[PDB]
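Q: Supplied in structure tokens, the structure appears directly below.
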Amino acid sequence: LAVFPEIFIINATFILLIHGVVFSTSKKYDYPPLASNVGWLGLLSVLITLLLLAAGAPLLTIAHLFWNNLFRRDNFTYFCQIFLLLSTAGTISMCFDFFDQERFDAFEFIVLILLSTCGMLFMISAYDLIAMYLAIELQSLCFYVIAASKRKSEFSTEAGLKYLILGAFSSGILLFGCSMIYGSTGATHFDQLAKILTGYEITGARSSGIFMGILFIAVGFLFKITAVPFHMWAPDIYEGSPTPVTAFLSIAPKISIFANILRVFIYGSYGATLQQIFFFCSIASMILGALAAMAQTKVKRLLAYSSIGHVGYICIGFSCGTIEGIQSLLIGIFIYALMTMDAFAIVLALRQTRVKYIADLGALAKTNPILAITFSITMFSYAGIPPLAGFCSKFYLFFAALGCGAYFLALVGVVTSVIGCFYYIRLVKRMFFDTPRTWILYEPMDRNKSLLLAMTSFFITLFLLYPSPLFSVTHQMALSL
Amino acid sequence: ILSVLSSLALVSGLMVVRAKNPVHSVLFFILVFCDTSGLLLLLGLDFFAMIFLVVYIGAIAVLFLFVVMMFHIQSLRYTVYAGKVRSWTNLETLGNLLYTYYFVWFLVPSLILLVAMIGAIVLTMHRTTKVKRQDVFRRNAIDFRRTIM
Amino acid sequence: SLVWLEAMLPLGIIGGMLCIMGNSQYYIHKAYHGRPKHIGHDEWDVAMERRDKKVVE
Amino acid sequence: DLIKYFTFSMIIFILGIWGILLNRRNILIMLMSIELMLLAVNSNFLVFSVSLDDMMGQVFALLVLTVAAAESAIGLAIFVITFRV
Amino acid sequence: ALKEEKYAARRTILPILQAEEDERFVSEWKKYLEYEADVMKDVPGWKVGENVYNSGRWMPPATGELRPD
Amino acid sequence: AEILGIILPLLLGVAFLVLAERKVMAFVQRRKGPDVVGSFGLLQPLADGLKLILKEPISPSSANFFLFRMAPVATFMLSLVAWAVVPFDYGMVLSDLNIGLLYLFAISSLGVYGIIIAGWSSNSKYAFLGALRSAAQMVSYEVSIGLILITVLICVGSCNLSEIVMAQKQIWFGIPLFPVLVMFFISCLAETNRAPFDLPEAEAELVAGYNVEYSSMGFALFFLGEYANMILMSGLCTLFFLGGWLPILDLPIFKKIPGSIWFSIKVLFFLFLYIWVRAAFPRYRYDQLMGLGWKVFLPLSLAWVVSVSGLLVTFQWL
Amino acid sequence: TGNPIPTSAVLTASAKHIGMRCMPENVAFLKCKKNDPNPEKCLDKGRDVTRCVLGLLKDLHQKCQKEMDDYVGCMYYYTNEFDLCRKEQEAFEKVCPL
Amino acid sequence: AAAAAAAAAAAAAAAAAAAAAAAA
Amino acid sequence: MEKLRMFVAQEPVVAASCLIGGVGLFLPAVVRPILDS
Amino acid sequence: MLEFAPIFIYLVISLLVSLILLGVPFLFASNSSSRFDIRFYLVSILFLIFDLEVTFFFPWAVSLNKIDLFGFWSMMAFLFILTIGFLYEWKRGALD
Amino acid sequence: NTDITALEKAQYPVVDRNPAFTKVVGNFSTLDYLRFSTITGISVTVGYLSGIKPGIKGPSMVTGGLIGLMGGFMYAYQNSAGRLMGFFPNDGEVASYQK
Amino acid sequence: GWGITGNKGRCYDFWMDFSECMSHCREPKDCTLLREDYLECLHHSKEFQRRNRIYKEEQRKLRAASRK
């Protein structure tokens with residue numbers, strides 16, 4: 001046993017896939033638009049998976065056969081795997097409206113999202129290089145298809161091709177690293193790998209073959225999370241695709257990759273090389289994002305760059321070896337995810353507006369004044385303004401970084417937060433104080449999208465009154481590795 | 001002398017990345033795969049040689065040929081006679097593992113082939129079946145029918 | 001009636017060619033090597049052939 | 001001799017990544033080089049499995065075969081869709 | 001049953017073949033050690049003649065990848 | 001070497017198979033086939049040949065000599081090299097490969113190249129699309145032949161063709177898996193074109209469906225290739241399913257039991273079945289044909305791998 | 001073939017007898033090898049198995065030599081393949097050593 | 001292509017003469 | 001069932017493949033555990 | 001591998017034979033007497049997938065006494081996933 | 001080979017290590033049959049309710065019920081197994097002390 | 001640790017020693033003797049470095065004799 005939570009989502013995907021194709025290819029049902037019927041059913045398939053994974057959390061480690069030769073499930077994986085499904089479900093909740101407006105007959109598009117979640121669930125628990133690569137391939141492959149869903153419009157398909165090549169290269173680079181890592185280790189399991197690589201220290205103890213592999217595996221992961229050293233065309237992918245598909249790739253693959261990153265590198269590899277590369281990436285991502293937030297104008301692209309800047313703050317936790325720092329990274333991932341879902345949902349709130357600049361998004365003070373305050377909260381959360389939940393996560397990242405001793409890295413993060421805040425007050429000024437740009441009038445959304453904002457915006461502000469639970473949850477996960 | 005003739009694969013791999021005529025690119029692609037299978041034969045991995053042949057130069061570079069033809073781009077050994085009494089052919093000693101011990105890394109490539117099927121369907125159905133061959137779709141009551149042009 | 005034999009004759013002289021395909025590459029290999037070909041010729045047998053040609057000195 | 005059968009695969013992989021870097025304009029050569037480098041790591045797994053006398057190499061090489069093949073399938077199908085009608 | 005008969009015959013003649021190979025390889029090893037101690041002259045070279053074990057176990061010396069293929 | 005002793009007799013076999021087909025398919029139609037040229041048309045193949053050789057070209061066009069003047073060479077070399085592993089009698093295979101079957105599968109996967117290239121070098125849109133359709137057919141009935149061989153492989157231990165014909169000493173796999181022989185034959189009919197399944201080979205669409213520069217050598221080599229591919233794919237329905245070189249084992253006093261003669265008799269039966277089934281059945285239209293390789297011979301082949309695997313796993317018959 | 005030269009054919013031909021007899025020497029050699037695979041450490045047990053087996057061959061060579069000379073003719077003709085001549089195998093086994 | 005495919009199903013064979021079998 | 005017979009008549013080869021294949025997915029499912037004697 | 005050398009020379013000797021069959025007609029007889037059919041990409045990708053799954057069938061075919069009733073069921077799970085893919089292709093209508 | 005030996009195992013008193021199917025499912029408490037029943041309902045209700053839009057209410061309800069059966073049954077199985085094995089509260093030791 | 005011809009592989013025995021000695025091992029540094037022996041079985045690097053010097057000293061004498 002022990003694979004039942006993953007088995008259910010794979011079975012649920014197959015059952016939805018058979019239901020969608022048989023029904024969609026039905027003259028009797030007049031070839032109906034299954035998407036949105038596959039939806040709701042798809043959202044509850046994730047929710048049933050969430051319950052099964054949570055229910056069997058003590059039972060997850062049922063047998064040595066699964067952990068030693070296939071995948072190992074641990075307390076850290078369970079807490080993040082629960083979050084991964086919740087992140088996936090939250091994205092589906094905002095996405096349902098997009099399915100309704102679009103002529104979505106793509107029942108398969110939901111099955112791809114569930115298949116991606118199954119790949120992501122296998123990715124979090126993957127304990128072998130073969131398993132991690134195969135799981136990464138499935139999650140990315142499902143994602144490649146979602147990017148090219150709007151075939152009639154070349155803008156989505158061309159964006160998909162750049163995402164596909166970046167994905168193929170990232171998987172391929174990681175694969176080459178596995179080959180080199182395999183050559184020295186003689187085994188592909190992370191557990192066997194850790195025994196050979198424990199305290200390898202490429203300066204203290206010679207390890208030419210292992211390092212050659214480690215260099216490739218680390219580089220491949222960075223392309224997947226849109227790290228700035230390998231950001232490449234990844235920011236382009238975010239703006240070119242419509243906002244809802246962009247949201248799904250924005251949070252769920254990134255969270256899965258970050259959780260996979262901590263497991264593959266901290267436990268398996270012990271050299272003074274892995275922490276430093278993230279430290280350089282963190283400084284660069286925040287610097288690139290801060291420059292980009294001022295440089296970028298389109299609201300969708302700006303969100304991607306703000307997300308890239310936040311990704312750098314997340315990277316610092318791995319960069320500082322302290323377990324408290326790894327915990328701080330987890331606090332950041334959760335806050336960034338809630339804000340990223342909230343931010344995409346506010347953009348999704350202005351569904352009526354076609355692609356438009358920030359100035360057009362302004363003038364929301366007179367109309368939808370509460371939404372205007374809600375937009376201000378979303379920008380503030382990435383900005384690092386103190387009352388919001390993001391600052392508390394950043395302060396833990398910074399407090400851990402000061403304890404870790406990363407004064408230079410910590411300072412640039414504060415400086416990048418400072419660089420971001422000026423644009424955010426300017427954006428807040430744009431919303432109410434100035435640049436209304438025509439007094440444009442917006443349209444309503446579904447209750448689920450409003451609740452995504454309601455359950456998140458209140459929580460972002462409520463974090464100050466009761467911040468203890470999240471901090472407790474995050475450290476437990478870091479210690480488990 | 002055929003050992004060092006991997007130089008053929010080496011130069012043909014340099015051709016595909018330094019060729020503007022796509023027919024030469026795919027030809028030297030096929031050549032790279034043929035010489036890589038020659039190599040995998042010299043190592044005695046007979047199964048992988050034939051699998052390279054089949055699933056590379058009978059399927060994948062077939063795909064690539066299609067993409068070119070259409071859509072043009074423009075002494076001292078001590079042999080231990082134990083473990084030789086029952087010589088395991090490469091297929092048998094891949095099947096003793098892939099289907100019983102590491103079988104989940106074999107059911108996951110199952111899911112990857114299934115995702116490849118679903119992908120080749122959802123991508124290259126090309127509006128040629130129920131994806132859009134459902135109907136043009138029309139509704140009379142909303143239709144103006146000459147009330148509005 | 002034996003009328004079908006005229007149409008059997010080309011199949012015969014195409015069967016008399018697969019017999020030759022089979023026996024030629026047998027009696028040619030039975031000539032270069034004093035013994036018939038070994039079908040199930042696993043590595044045990046090549047090792048024993050090596051040590052055998054090394055035993056007859 | 002393992003070095004001869006590995007550094008040759010290593011520089012086949014380098015050819016693949018080189019063609020990736022140069023040919024950002026043409027995509028069919030991009031996919032050519034993708035399958036090239038997914039061979040130079042596949043042939044690498046096979047060579048390292050014969051050298052180490054270990055079967056995990058060949059299991060992983062077979063799975064990379066039947067994963068890079070699906071990757072080429074989806075890649076070329078995406079490339080054909082990219083050249084819309 | 002035929003394959004088990006063949007394998008039983010092979011396993012039964014295995015000790016004789018392995019004894020012949022042991023004698024032959026140990027003779028080649030004696031001559032290789034008397035060559036090493038002669039090419040090294042024993043003052044400048046490997047002050048220990050064989051010293052191949054590298055831990056408490058023996059292994060056939062070394063070769064390429066796969067000769068029998 | 002002794003590759004002459006397997007290519008020359010096979011060349012004579014193909015040359016006399018053109019006559020065997022004309023003559024058998026004629027006898028079926030109540031008419032003697034080629035009957036004046038030789039004593040019984042036995043020289044008619046040599047007459048067809050010596051005619052095609054003495055026919056002046058329509059245009060020399062020796063300039064384009066590396067593109068499609070070696071593509072028929074490739075098709076024919078593949079159809080002839082898949083004959084190495086085919087064993088005619090115990091220890092009469094030219095090269096006993098321990099993965100023999102998979103090698104045949106690879107040779108087919110390269111024959112796909114042969115067809116595609118020799119059709120693309122013909123700068124005729126109709127002929128090139130015809131060659132592409134023929135390649136897609138030859139490769140769509142290759143997943144079905146693949147699974148049929150996986151069945152006959154589950155029954156056997158290994159892919160060694162000499163073992164697959166040695167694993168039938170007790171009973172030919174034609175008797176228990178007869179439904180499979182019918183599917184391998186109806187696939188080998190469709191893998192090769194010569195079949196009820198030959199719309200790309202509809203009498204006219206074939207000639208104008210392989211090349212533009214004939215010069216006779218191209219016409220003969222394609223037909224010599226199709227007839228060798230046919231002798232081969234009939235020499236597979238007789239290794240796998242019929243007993244490759246095995247008698248019925250009654251051990252007669254009249255019969256001294258030669259092996260290659262039994263292999264010959266069986267491959268003659270399957271060649272005669274190729275002819276008979278070309279005579280008596282209408283063509284499948286290539287639009288029902290491709291919908292027969294996917295919707296009929298793949299499900300009925302997959303079922304057979306699960307049936308012959310199940311029934312051999314439950315009762316330990318493996 | 002000739003004097004009891006332990007060729008491939010004459011060894012795989014008498015392997016039934018090398019199984020019935022000389023089983024203690026074989027199992028002792030195998031016990032050594034599975035204990036430690038260094039060739040020297042049971043060079044003596046190698047001499048012991050080779051001694052009893054050369055003796056077994058010279059016994060088989062001395063008695064019913066023509067049947068043994070026909071069976072090893074088989075095993076050299078068909079390379080140690082048993083089924084290809086069960087007639088010689090029975091003749092040789094039936095005449096003297098069962 | 002949405003072209004009407006030739007569905008090879010139909011009603012079973014029943015030889016249909018004209019009404020003038022016996023008495024015009 | 002009426003629709004079952006309508007499916008084994010209209011499509012004989014996918015209804016006699018899910019039954020020449022049941023005998024293979026059914027023999028080792030139940031007939032093998034039965035063979036405990 | 002040892003038995004691969006006969007076919008290794010077979011390729012070259014058959015090359016010679018076909019070159020002679022090419023040169024025979026050349027010597028004698030002197031002076032005086034659709035935008036795109038994507039279904040060919042669907043059929044092609046689908047053959048690719050089904051030949052990958054036959055590649056996975058081969059070791060399971062030749063080694064099925066070793067994997068007693070567990071390798072069989074693992075392969076039947078792989079095959080049920082193949083069948084789900086093939087039924088999604090049949091219903092969606094790629095087999096036409 | 002395989003073995004049901006678990007990490008973090010036997011936190012509660014085991015009743016039957018490695019319970020055989022047809023026993024771990026015959027151990028369904030009236031809570032498991034109430035978990036397997038509420039999951040199948042929330043999966044039929046969502047399945048029918050999702051299909052009101054495309055006209056597939058019946059068959060989408062049936063496929064939601066299939067998903068619910070699979071999921072709720074595997075959940076009831078998780079519960080009754082982690083109960084029979086030493087993983088869950090496991091107050092059903094009276095069934096062993098009595099039988 | 002299965003191998004190309006199986007037969008328990010070749011370095012599984014060395015991995016078995018490295019893993020047995022990696023049970024509750026004080027530190028990898030303490031058991032590195034088995035890991036290096038295990039790596040040596042995997043790549044034969046220790047034999048190669050000695051082979052290069054045996055070749056070099058023999059070559060150095062031969063090269064010195066040739067140069068004269």
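Residues are named by chain letter and number: chains run A, B, ... in the order of the structure tokens, numbers start at 1 in each chain, and ligands are numbered from 1 in the order shown.
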Excluding residue 30 (chain D) and residues on its chain fewer than 4 positions from it, collect all residues at most 8 Å away from it, counting only C-alpha atoms, and give them as a list in words.
A: residues 165 of chain A; 19, 20, 23, 24, 26 and 34 of chain D
Q: So that I can check the secondary structure, give me every residue of region 1-67 of chain L assigned helix (DSSP H, G or I) by backbone DSSP, as number ranges by chain.
A: L: 12-20, 28-43, 45-67
Q: Could you write those residues out with C-alpha atoms, as a PDB file, in the first residue's frame?
A:
```pdb
ATOM      1  CA  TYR L  12      27.391  -4.068  -4.638  1.00  0.00           C
ATOM      2  CA  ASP L  13      29.750  -6.122  -2.404  1.00  0.00           C
ATOM      3  CA  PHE L  14      31.797  -2.940  -1.812  1.00  0.00           C
ATOM      4  CA  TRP L  15      28.547  -0.933  -1.377  1.00  0.00           C
ATOM      5  CA  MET L  16      27.364  -3.654   1.057  1.00  0.00           C
ATOM      6  CA  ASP L  17      30.585  -3.093   3.074  1.00  0.00           C
ATOM      7  CA  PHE L  18      30.195   0.732   2.824  1.00  0.00           C
ATOM      8  CA  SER L  19      26.480   0.485   3.809  1.00  0.00           C
ATOM      9  CA  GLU L  20      27.028  -2.070   6.637  1.00  0.00           C
ATOM     10  CA  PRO L  28      31.471   9.235   6.880  1.00  0.00           C
ATOM     11  CA  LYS L  29      35.095  10.411   7.440  1.00  0.00           C
ATOM     12  CA  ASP L  30      35.542   7.412   9.837  1.00  0.00           C
ATOM     13  CA  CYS L  31      34.165   4.856   7.298  1.00  0.00           C
ATOM     14  CA  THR L  32      35.595   6.676   4.198  1.00  0.00           C
ATOM     15  CA  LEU L  33      37.959   3.627   3.918  1.00  0.00           C
ATOM     16  CA  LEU L  34      35.003   1.516   2.651  1.00  0.00           C
ATOM     17  CA  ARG L  35      33.577   4.374   0.468  1.00  0.00           C
ATOM     18  CA  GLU L  36      36.975   4.867  -1.262  1.00  0.00           C
ATOM     19  CA  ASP L  37      37.282   1.062  -1.651  1.00  0.00           C
ATOM     20  CA  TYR L  38      33.686   1.133  -3.016  1.00  0.00           C
ATOM     21  CA  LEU L  39      34.528   4.021  -5.413  1.00  0.00           C
ATOM     22  CA  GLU L  40      37.729   2.152  -6.408  1.00  0.00           C
ATOM     23  CA  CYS L  41      35.669  -0.907  -7.422  1.00  0.00           C
ATOM     24  CA  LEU L  42      33.254   1.366  -9.370  1.00  0.00           C
ATOM     25  CA  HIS L  43      35.800   3.279 -11.520  1.00  0.00           C
ATOM     26  CA  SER L  45      40.813   4.797 -10.473  1.00  0.00           C
ATOM     27  CA  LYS L  46      43.270   3.502  -7.780  1.00  0.00           C
ATOM     28  CA  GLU L  47      44.441   0.735 -10.150  1.00  0.00           C
ATOM     29  CA  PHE L  48      44.675   3.313 -12.982  1.00  0.00           C
ATOM     30  CA  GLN L  49      46.825   5.809 -11.011  1.00  0.00           C
ATOM     31  CA  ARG L  50      49.214   2.949 -10.040  1.00  0.00           C
ATOM     32  CA  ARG L  51      49.088   1.675 -13.682  1.00  0.00           C
ATOM     33  CA  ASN L  52      50.056   5.179 -14.918  1.00  0.00           C
ATOM     34  CA  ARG L  53      53.135   5.276 -12.579  1.00  0.00           C
ATOM     35  CA  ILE L  54      54.094   1.627 -13.411  1.00  0.00           C
ATOM     36  CA  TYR L  55      53.713   2.631 -17.089  1.00  0.00           C
ATOM     37  CA  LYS L  56      55.549   5.949 -16.414  1.00  0.00           C
ATOM     38  CA  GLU L  57      58.559   4.388 -14.529  1.00  0.00           C
ATOM     39  CA  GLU L  58      58.814   1.631 -17.173  1.00  0.00           C
ATOM     40  CA  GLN L  59      58.287   4.315 -19.889  1.00  0.00           C
ATOM     41  CA  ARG L  60      60.796   6.662 -18.152  1.00  0.00           C
ATOM     42  CA  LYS L  61      63.496   3.934 -18.295  1.00  0.00           C
ATOM     43  CA  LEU L  62      62.515   3.107 -21.939  1.00  0.00           C
ATOM     44  CA  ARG L  63      62.370   6.835 -22.897  1.00  0.00           C
ATOM     45  CA  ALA L  64      65.764   7.410 -21.178  1.00  0.00           C
ATOM     46  CA  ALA L  65      67.249   4.419 -23.095  1.00  0.00           C
ATOM     47  CA  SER L  66      65.701   5.660 -26.405  1.00  0.00           C
ATOM     48  CA  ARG L  67      66.914   9.296 -26.012  1.00  0.00           C
TER      49      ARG L  67
END
```
Q: So that I can see what lies close to residue 82 (chain F), please list as a count of residues only the residues with an atom at most 9 Å from it, counting only C-alpha atoms and leaving out residues fewer than 4 positions away in the same chain.
A: 9
Q: Select, as a count of residues only, those residues of chain D with any atom no more than 8 Å from chain B (distances computed using only C-alpha atoms).
A: 36
Q: Which distance in Å separates CA of residue 32 (chain G) and CA of residue 23 (chain E), to one decimal?
A: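 Calculated distance between CA of residue 32 (chain G) and CA of residue 23 (chain E) is 15.0 Å.
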Q: What lies within 9 Å of residue 21 (chain I) using only C-alpha atoms, ignoring chain neighbours under 5 positions off, as a PDB file with N, CA and C atoms, in the first residue's frame?
A:
```
ATOM      1  N   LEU F 300      -7.389  -6.455 -30.495  1.00  0.00           N
ATOM      2  CA  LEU F 300      -7.394  -7.934 -30.518  1.00  0.00           C
ATOM      3  C   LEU F 300      -5.969  -8.445 -30.363  1.00  0.00           C
ATOM      4  N   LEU F 302      -3.630  -6.640 -28.147  1.00  0.00           N
ATOM      5  CA  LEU F 302      -3.479  -6.369 -26.720  1.00  0.00           C
ATOM      6  C   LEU F 302      -4.192  -7.425 -25.892  1.00  0.00           C
ATOM      7  N   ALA F 303      -5.423  -7.735 -26.238  1.00  0.00           N
ATOM      8  CA  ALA F 303      -6.143  -8.798 -25.524  1.00  0.00           C
ATOM      9  C   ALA F 303      -5.308 -10.051 -25.571  1.00  0.00           C
ATOM     10  N   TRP F 304      -4.719 -10.354 -26.704  1.00  0.00           N
ATOM     11  CA  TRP F 304      -4.007 -11.646 -26.755  1.00  0.00           C
ATOM     12  C   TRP F 304      -2.778 -11.659 -25.855  1.00  0.00           C
ATOM     13  N   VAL F 305      -2.039 -10.565 -25.754  1.00  0.00           N
ATOM     14  CA  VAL F 305      -0.886 -10.524 -24.822  1.00  0.00           C
ATOM     15  C   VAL F 305      -1.411 -10.737 -23.409  1.00  0.00           C
ATOM     16  N   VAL F 306      -2.500 -10.085 -23.011  1.00  0.00           N
ATOM     17  CA  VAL F 306      -3.092 -10.333 -21.673  1.00  0.00           C
ATOM     18  C   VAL F 306      -3.672 -11.739 -21.551  1.00  0.00           C
ATOM     19  N   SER F 307      -4.281 -12.313 -22.584  1.00  0.00           N
ATOM     20  CA  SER F 307      -4.777 -13.708 -22.500  1.00  0.00           C
ATOM     21  C   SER F 307      -3.662 -14.743 -22.428  1.00  0.00           C
ATOM     22  N   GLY F 310      -1.899 -14.192 -19.036  1.00  0.00           N
ATOM     23  CA  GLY F 310      -2.692 -14.699 -17.940  1.00  0.00           C
ATOM     24  C   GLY F 310      -2.698 -16.208 -17.904  1.00  0.00           C
TER      25      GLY F 310
ATOM     26  N   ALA I  16     -15.177  -8.388 -28.045  1.00  0.00           N
ATOM     27  CA  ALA I  16     -14.503  -9.670 -27.921  1.00  0.00           C
ATOM     28  C   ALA I  16     -13.009  -9.496 -27.732  1.00  0.00           C
ATOM     29  N   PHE I  26      -8.715 -12.186 -15.728  1.00  0.00           N
ATOM     30  CA  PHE I  26      -9.563 -12.909 -14.796  1.00  0.00           C
ATOM     31  C   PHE I  26      -8.965 -14.222 -14.340  1.00  0.00           C
TER      32      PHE I  26
END
```
Q: Mind listing as an NGL selection string which residues of chain A are within 10 Å of chain L, counting only C-alpha atoms?
A: :A and (183-187 or 192 or 195-200 or 205)
Q: So, with only C-alpha atoms as the atoms that count, which of A:88, A:26, A:75, A:188 lies closest to chain J?
A: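 Under the stated criterion, the closest residue is A:26.
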Q: What are the closest atom pairs, with distances in Å to one decimal, for all residues of chain C lying within 10 Å of chain J? Consider only C-alpha atoms, order rows by chain and residue number, and present the result as a Markdown table.
A:
```
| residue | atom | partner | partner_atom | distance |
| --- | --- | --- | --- | --- |
| C:39 | CA | J:3 | CA | 9.8 |
| C:41 | CA | J:3 | CA | 8.9 |
| C:42 | CA | J:2 | CA | 9.4 |
| C:43 | CA | J:2 | CA | 9.0 |
| C:46 | CA | J:2 | CA | 8.9 |
```
Q: May I have a table of the residues of region 222-259 of chain A lying at most 10 Å from region 99-123 of chain A, giving each one's closest pair of atoms and their distance in Å to one decimal, counting only C-alpha atoms, ordered by chain and ascending residue number, as a Markdown table?
A:
```
| residue | atom | partner | partner_atom | distance |
| --- | --- | --- | --- | --- |
| A:244 | CA | A:99 | CA | 9.2 |
| A:248 | CA | A:113 | CA | 8.6 |
| A:252 | CA | A:120 | CA | 8.2 |
| A:253 | CA | A:120 | CA | 7.3 |
| A:255 | CA | A:120 | CA | 9.2 |
| A:256 | CA | A:120 | CA | 5.9 |
| A:257 | CA | A:123 | CA | 8.0 |
| A:259 | CA | A:123 | CA | 8.7 |
```
Q: Export, as a PDB file, in the first residue's frame, the selected residues with C-alpha atoms.
A:
```pdb
ATOM      1  CA  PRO A 244      -5.599  32.303 -15.222  1.00  0.00           C
ATOM      2  CA  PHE A 248      -1.434  28.132 -12.162  1.00  0.00           C
ATOM      3  CA  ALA A 252       1.997  25.386  -7.873  1.00  0.00           C
ATOM      4  CA  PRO A 253       5.042  24.330 -10.018  1.00  0.00           C
ATOM      5  CA  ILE A 255       6.120  25.565  -4.678  1.00  0.00           C
ATOM      6  CA  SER A 256       6.661  21.954  -5.818  1.00  0.00           C
ATOM      7  CA  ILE A 257      10.138  22.816  -7.178  1.00  0.00           C
ATOM      8  CA  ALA A 259      10.041  21.809  -1.740  1.00  0.00           C
TER       9      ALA A 259
END
```
Q: Write down, as a PyMOL selection string, each residue of chain J that has any atom within 12 Å of an atom of chain H, counting only C-alpha atoms.
A: chain J and resi 37-39+93+96
Q: Write a file of the selected residues as a compact mmCIF listing (two decimals), in the first residue's frame, keeping N, CA, C and O atoms.
A:
```
# COMPACT_ATOMS: atom_id res chain seq x y z
N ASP J 37 -1.65 17.08 -43.80
CA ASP J 37 -2.52 16.02 -43.30
C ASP J 37 -2.03 15.67 -41.90
O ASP J 37 -1.18 14.79 -41.73
N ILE J 38 -2.57 16.37 -40.90
CA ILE J 38 -2.08 16.22 -39.54
C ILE J 38 -2.31 14.81 -39.02
O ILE J 38 -1.58 14.34 -38.14
N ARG J 39 -3.30 14.11 -39.57
CA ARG J 39 -3.48 12.71 -39.20
C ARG J 39 -2.23 11.88 -39.45
O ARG J 39 -2.06 10.84 -38.80
N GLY J 93 -11.21 10.02 -31.39
CA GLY J 93 -11.30 9.78 -32.82
C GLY J 93 -10.03 10.00 -33.59
O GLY J 93 -10.06 10.49 -34.72
N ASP J 96 -8.64 7.15 -37.53
CA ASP J 96 -9.49 7.32 -38.70
C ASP J 96 -8.70 7.67 -39.96
O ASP J 96 -7.57 7.22 -40.17
```
Q: Tell me as an NGL selection string which residues belonging to chain J come within 7 Å of chain A, counting only C-alpha atoms.
A: :J and (88 or 91-92)
Q: Could you please take those selected residues and save C-alpha atoms as a PDB file, in the first residue's frame?
A:
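Result file again.pdb:
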```pdb
ATOM      1  CA  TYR J  88      -9.204   8.186 -25.067  1.00  0.00           C
ATOM      2  CA  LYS J  91     -13.276   7.941 -28.495  1.00  0.00           C
ATOM      3  CA  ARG J  92     -11.665  11.275 -29.349  1.00  0.00           C
TER       4      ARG J  92
END
```
Q: What does the distance from CA of residue 235 (chain F) to CA of residue 252 (chain F) come to in Å, to one decimal?
A: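 So the two atoms, CA of residue 235 (chain F) and CA of residue 252 (chain F), lie 25.0 Å apart.
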Q: Give me, as a list in words, the contact residues of chain J against chain D at a cut-off of 10 Å, counting only C-alpha atoms.
A: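 Output check: residues 35, 36, 38, 41, 42, 44, 45, 46, 48, 49, 51, 52, 53, 55 and 56 of chain J.
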Q: Could you check how far CA of residue 5 (chain F) sits from CA of residue 22 (chain C), in Å to one decimal?
A: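 If I compute the distance from CA of residue 5 (chain F) to CA of residue 22 (chain C), I get 8.4 Å.
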Q: At a cut-off of 6 Å, using only C-alpha atoms, what residues contact region 8-10 of chain C? Leave out same-chain residues fewer than 3 positions from it and give the result as a list in words.
A: residues 5 and 13 of chain C; 20 of chain F
Q: For the selection just defined, write its residues with C-alpha atoms to a file, as a PDB file, in the first residue's frame.
A:
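Result went into again29.pdb, see below:
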```pdb
ATOM      1  CA  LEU C   5       1.200 -28.935 -60.321  1.00  0.00           C
ATOM      2  CA  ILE C  13      11.588 -23.639 -57.361  1.00  0.00           C
TER       3      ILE C  13
ATOM      4  CA  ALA F  20       4.518 -18.005 -58.668  1.00  0.00           C
TER       5      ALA F  20
END
```
Q: At a cut-off of 6 Å, can you tabulate as CSV every residue of chain C near chain F together with its closest atom pair and the distance in Å to one decimal, using only C-alpha atoms and ordering rows by chain then number?
A:
```
residue,atom,partner,partner_atom,distance
C:7,CA,F:24,CA,5.4
C:10,CA,F:20,CA,4.8
C:11,CA,F:20,CA,5.7
C:14,CA,F:13,CA,4.6
C:15,CA,F:264,CA,5.1
C:17,CA,F:9,CA,5.1
C:18,CA,F:264,CA,6.0
C:19,CA,F:260,CA,5.2
C:21,CA,F:6,CA,4.6
C:22,CA,F:88,CA,5.0
C:24,CA,F:5,CA,5.4
C:25,CA,F:2,CA,5.6
C:26,CA,F:92,CA,5.0
C:37,CA,F:91,CA,4.9
C:38,CA,F:91,CA,5.9
C:39,CA,F:91,CA,5.6
```
